[PDB]
Amino acid sequence: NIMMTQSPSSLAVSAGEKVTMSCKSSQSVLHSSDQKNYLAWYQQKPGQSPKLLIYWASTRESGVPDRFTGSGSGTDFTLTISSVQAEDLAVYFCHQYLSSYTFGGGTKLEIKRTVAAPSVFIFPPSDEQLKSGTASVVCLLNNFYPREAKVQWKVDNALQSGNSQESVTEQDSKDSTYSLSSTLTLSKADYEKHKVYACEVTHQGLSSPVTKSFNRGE
Amino acid sequence: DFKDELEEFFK
Amino acid sequence: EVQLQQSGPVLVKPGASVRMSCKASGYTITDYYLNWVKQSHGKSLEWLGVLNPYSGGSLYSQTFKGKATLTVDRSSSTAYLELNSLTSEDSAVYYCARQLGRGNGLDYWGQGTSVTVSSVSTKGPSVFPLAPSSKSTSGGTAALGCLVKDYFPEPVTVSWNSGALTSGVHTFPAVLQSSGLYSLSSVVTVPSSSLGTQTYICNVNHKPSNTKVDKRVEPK
Numbered sequence: 018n019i020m021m022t023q024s025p026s027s028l029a030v031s032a033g034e035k036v037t038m039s040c041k042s043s044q045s046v047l048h049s050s051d052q053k054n055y056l057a058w059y060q061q062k063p064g065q066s067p068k069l070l071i072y073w074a075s076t077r078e079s080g081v082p083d084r085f086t087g088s089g090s091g092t093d094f095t096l097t098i099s100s101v102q103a104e105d106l107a108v109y110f111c112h113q114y115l116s117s118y119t120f121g122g123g124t125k126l127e128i129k130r131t132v133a134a135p136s137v138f139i140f141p142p143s144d145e146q147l148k149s150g151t152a153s154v155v156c157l158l159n160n161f162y163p164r165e166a167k168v169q170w171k172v173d174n175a176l177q178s179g180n181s182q183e184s185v186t187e188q189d190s191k192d193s194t195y196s197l198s199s200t201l202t203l204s205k206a207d208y209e210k211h212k213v214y215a216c217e218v219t220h221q222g223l224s225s226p227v228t229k230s231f232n233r234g235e
Numbered sequence: 236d237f238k239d240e241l242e243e244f245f246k
Numbered sequence: 449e450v451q452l453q454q455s456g457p458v459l460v461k462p463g464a465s466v467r468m469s470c471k472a473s474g475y476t477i478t479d480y481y482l483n484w485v486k487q488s489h490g491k492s493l494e495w496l497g498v499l500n501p502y503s504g505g506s507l508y509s510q511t512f513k514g515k516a517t518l519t520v521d522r523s524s525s526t527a528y529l530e531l532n533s534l535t536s537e538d539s540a541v542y543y544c545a546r547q548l549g550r551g552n553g554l555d556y557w558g559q560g561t562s563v564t565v566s567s568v569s570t571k572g573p574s575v576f577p578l579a580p581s582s583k584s585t586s587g588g589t590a591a592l593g594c595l596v597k598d599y600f601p602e603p604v605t606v607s608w609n610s611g612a613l614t615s616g617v618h619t620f621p622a623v624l625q626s627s628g629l630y631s632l633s634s635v636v637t638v639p640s641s642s643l644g645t646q647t648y649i650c651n652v653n654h655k656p657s658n659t660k661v662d663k664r665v666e667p668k
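Residue numbers (our numbering), protein chains in the order written: chain Y, 18 to 235; chain U, 236 to 246; chain A, 449 to 668.
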């Protein structure tokens with residue numbers, strides 16, 4: 018097969034910057050009968066299907082903004098985004114269709130923006146869940162940047178380990194932030210043994226950790 | 236080869 | 449407008465077969481070829497082959513010849529992909545994507561069908577409110593949500609107010625629990641001032657378990 022290699026694997030820029038990304042084919046993708054490079058670029062935004070940007074290496078698909086330009090020939094191709102917008106975060110793939118179709122491994126374009134501290138919220142377990150024997154306590158860190166954040170759970174000031182899980186969102190296409198959810202899971206029996214349930218949040222936009230807590234049963 | 240197969244398929 | 453509507457997510461056991469569908473609307477299905485492309489994870493795409501919906505004939509990647517079978521029902525504007533002898537390396541999202549002709553790109557992609565191949569049986573989630581309180585408010589805003597706990601396989605889909613509430617929603621990536629079951633949360637930030645006049649319902653769908661739950665989320 019024709020192997021497609023993209024570089025870099027990811028990059029991060031501020032809105033308004035120019036980015037270039039590379040796509041190299043292991044052999045020519047030149048289609049002889051029309052002298053077209055059968056090379057396409059796609060944009061795949063988080064949770065979406067790929068969208069066709071460019072075909073024939075340099076022809077923009079209808080509706081594609083002018084800021085996306087494909088170039089190259091032979092085995093070396095480039096996608097340029099002349100002035101990146103916050104909504105351009107996506108994985109960009111190249112594709113050859115001269116021979117059995119193959120794709121590159123993608124370049125993930127991330128957006129840089131100013132520091133934003135998280136807005137922190139905590140949720141006690143629902144009464145419905147408690148009736149079933151388990152207590153899930155949720156801590157939400159909303160709309161922060163950069164993505165690095167730390168959550169520590171404390172139960173009457175005792176640091177918890179081993180009983181939580183968290184995940185972070187993809188970056189937001191409008192404000193370039195992240196959000197994070199952490200769940201502390203206890204048995205109902207253990208949950209009812211303590212009063213203060215707290216999540217302590219560390220982030221670059223906070224000079225000291227922020228604690229959000231509730232007192233069980235109140 | 237496969238490129239030839241694609242040409243014939245799209246004819 | 450053009451649409452490629454693919455069938456929903458499925459769980460199947462190793463060794464079994466699966467068939468999924470891709471329904472074209474907004475255009476004449478026989479006017480475009482139809483490709484199928486696997487996405488095993490966010491940085492990987494792999495072509496299976498291409499169908500000519502007019503004739504019914506197909507051209508398959510050597511990788512998938514005899515593994516995949518492409519068919520079409522023109523009367524209902526619907527194409528099908530069947531995969532046999534499934535293994536756990538076959539778990540992926542499978543996209544249908546139309547292509548006008550030889551020299552064209554794949555100009556419109558369906559939303560994908562998630563196939564999980566696993567010996568683990570389906571489990572439907574419990575849905576619990578994340579109720580707005582004095583400890584989920586920031587400067588006139590309240591956060592509220594739903595916790596979708598203990599399901600298998602992915603995906604769960606969550607909407608709010610049947611899709612009328614999208615601003616401010618964060619539906620988090622699921623986490624894999626030590627049990628092998630997933631859990632996820634979906635939250636939204638809303639005005640604290642209108643918690644008494646607005647109604648917030650999270651609509652949770654987990655197709656492999658036939659779960660379709662609407663949960664009202666109220667203060668307390």
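Backbone N, C-alpha and C fix where the C-beta goes; we use that ideal spot for every residue, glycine too.
How many Å lie between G644 (chain A) and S607 (chain A) at the Cα?
Within the third sequence, the letter at position 196 stands for residue 644 (chain A). Within the third sequence, the letter at position 159 stands for residue 607 (chain A). One Cα belongs to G644 (chain A), the other to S607 (chain A), and the distance between them is close to 21 Å.
State the beta-bridge partners of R546 (chain A) as determined by DSSP.
Here residue 546 (chain A) corresponds to residue number 98 of the third sequence, with the count starting at 1. A:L482 and A:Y556.
If you check the beta carbons only, do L158 (chain Y) and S198 (chain Y) fall under 9 Å apart?
Counting from one through the first sequence, the residue named residue 158 (chain Y) turns up at place 141. Counting from one through the first sequence, the residue named residue 198 (chain Y) turns up at place 181. It is a contact, given that the beta carbons lie within the stated cut-off.
Pair within 9 Å by beta-carbon distance, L534 (chain A) and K461 (chain A):
Locating residue 534 (chain A) in the third sequence gives position 86, counting from the first residue. Locating residue 461 (chain A) in the third sequence gives position 13, counting from the first residue. Yes.
Terminal residues of the beta strand (DSSP E) in which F231 (chain Y) lies
Locating residue 231 (chain Y) in the first sequence gives position 214, counting from the first residue. Here the beta strand (DSSP E) through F231 (chain Y) covers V227 to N232.
Quick check on this structure: which residue in Y:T92, Y:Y59 and Y:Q102 has the alpha carbon closest to the alpha carbon of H112 (chain Y)?
Taking the first residue of the first sequence as position 1, residue 112 (chain Y) is located at position 95. If we check each option's Cα against that of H112 (chain Y), Y:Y59 comes out closest.
Could you work out which residues of chain Y lie near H654 (chain A), taking near to mean beta carbons separated by less than 8 Å?
Counting from one through the third sequence, the residue named residue 654 (chain A) turns up at place 206. Under the 8 Å cutoff, chain Y gives no residues; its nearest Cβ is about 17 Å from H654 (chain A).
So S562 (chain A) packs on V541 (chain A), CB below 8 Å; how close in whole Å?
Reading the third sequence from its first residue, position 114 is the one you call residue 562 (chain A). Reading the third sequence from its first residue, position 93 is the one you call residue 541 (chain A). Taking C-beta atoms under 8 Å as the contact rule, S562 (chain A) and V541 (chain A) qualify, at a distance of about 5 Å.
Flag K246 (chain U) as yes if its beta-carbon sits less than 9 Å from any beta-carbon of chain Y, otherwise no.
Locating residue 246 (chain U) in the second sequence gives position 11, counting from the first residue. With a threshold of 9 Å between beta carbons, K246 (chain U) makes no contact with chain Y.
When Cβ atoms are compared, which residues of the segment 33-67 of chain Y fall closer than 7 Å to chain U?
Among the residues of the segment 33-67 of chain Y, none has a Cβ less than 7 Å away from any Cβ of chain U.
Reducing DSSP to helix, strand and coil, say where residue 693 (chain A) ends up.
In the structure as shown, chain A begins at 449 and stops at 668. Residue 693 (chain A) is therefore absent and cannot be evaluated.
Can you give me the Cβ contacts of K53 (chain Y) inside the same chain, cut-off strictly under 8 Å, excluding the 5 residues immediately before and after it?
Within the first sequence, the letter at position 36 stands for residue 53 (chain Y). Result list for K53 (chain Y): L47, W73 and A74, in chain order.
With a CB to CB cut of under 8 Å and the five nearest residues on each side skipped, what residues in its chain are close to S184 (chain Y)?
In the first sequence, residue 184 (chain Y) corresponds to position 167, counting from 1. Cβ neighbours of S184 (chain Y) beyond the five flanking positions: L197 and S198.
For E78 (chain Y), go through chain A and note every residue whose CB falls closer than 9 Å to its CB, in chain order.
In the first sequence, residue 78 (chain Y) corresponds to position 61, counting from 1. What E78 (chain Y) touches in chain A: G553 and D555.
Length of the line joining the Cα atoms of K41 (chain Y) and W170 (chain Y):
As a first step, residue 41 (chain Y) must be located in the first sequence, where it is residue number 24. As a first step, residue 170 (chain Y) must be located in the first sequence, where it is residue number 153. Rounded to whole angstroms, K41 (chain Y) to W170 (chain Y) spans 47 Å at the Cα level.
Hey, how far is the Cα of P226 (chain Y) from the Cα of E165 (chain Y)?
For the purposes of this step, residue 226 (chain Y) is identified with residue 209 of the first sequence, where counting begins at 1. For the purposes of this step, residue 165 (chain Y) is identified with residue 148 of the first sequence, where counting begins at 1. Whole-angstrom Cα-Cα distance: 14 Å.
If we count Cβ pairs, one from each stretch, closer than 8 Å, do we get three or more for the segment 517-526 of chain A versus the segment 126-145 of chain Y?
Here the segment 517-526 of chain A does not lie against the segment 126-145 of chain Y, with fewer than 3 beta-carbon pairs under 8 Å apart.
Chain U residues whose Cβ lies nearer than 7 Å to that of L115 (chain Y):
Taking the first residue of the first sequence as 1, we reach residue 115 (chain Y) at position 98. Simply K238.
What residues in its chain sit with their C-beta under 6 Å from that of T585 (chain A), if we drop five residues either side in the sequence?
To locate residue 585 (chain A), count along the third sequence from 1; it is residue 137. If we look at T585 (chain A) and ignore the five residues flanking it on each side, its Cβ neighbours are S640.
Against chain Y, with Cβ distances strictly below 9 Å, would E242 (chain U) count as a contact?
Position 7 of the second sequence, counted from the start, is the residue given in the question as residue 242 (chain U). Closer than 9 Å to the CB of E242 (chain U) there is at least one CB belonging to chain Y.
Between which two residues does the alpha helix (DSSP H) containing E165 (chain Y) stretch?
By 1-based counting over the first sequence, the position of residue 165 (chain Y) is 148. Where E165 (chain Y) is concerned, there is no enclosing alpha helix (DSSP H), given that its DSSP letter is neither H nor E.
Determine, using beta carbons only, whether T619 (chain A) and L632 (chain A) come nearer to each other than 9 Å.
Reading the third sequence from its first residue, position 171 is the one you call residue 619 (chain A). Reading the third sequence from its first residue, position 184 is the one you call residue 632 (chain A). Their beta carbons are under 9 Å apart, which means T619 (chain A) touches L632 (chain A) by this criterion.
Bridge partners for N54 (chain Y) per DSSP, in chain order?
Taking the first residue of the first sequence as 1, we reach residue 54 (chain Y) at position 37. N54 (chain Y) is bridged to Y:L47.
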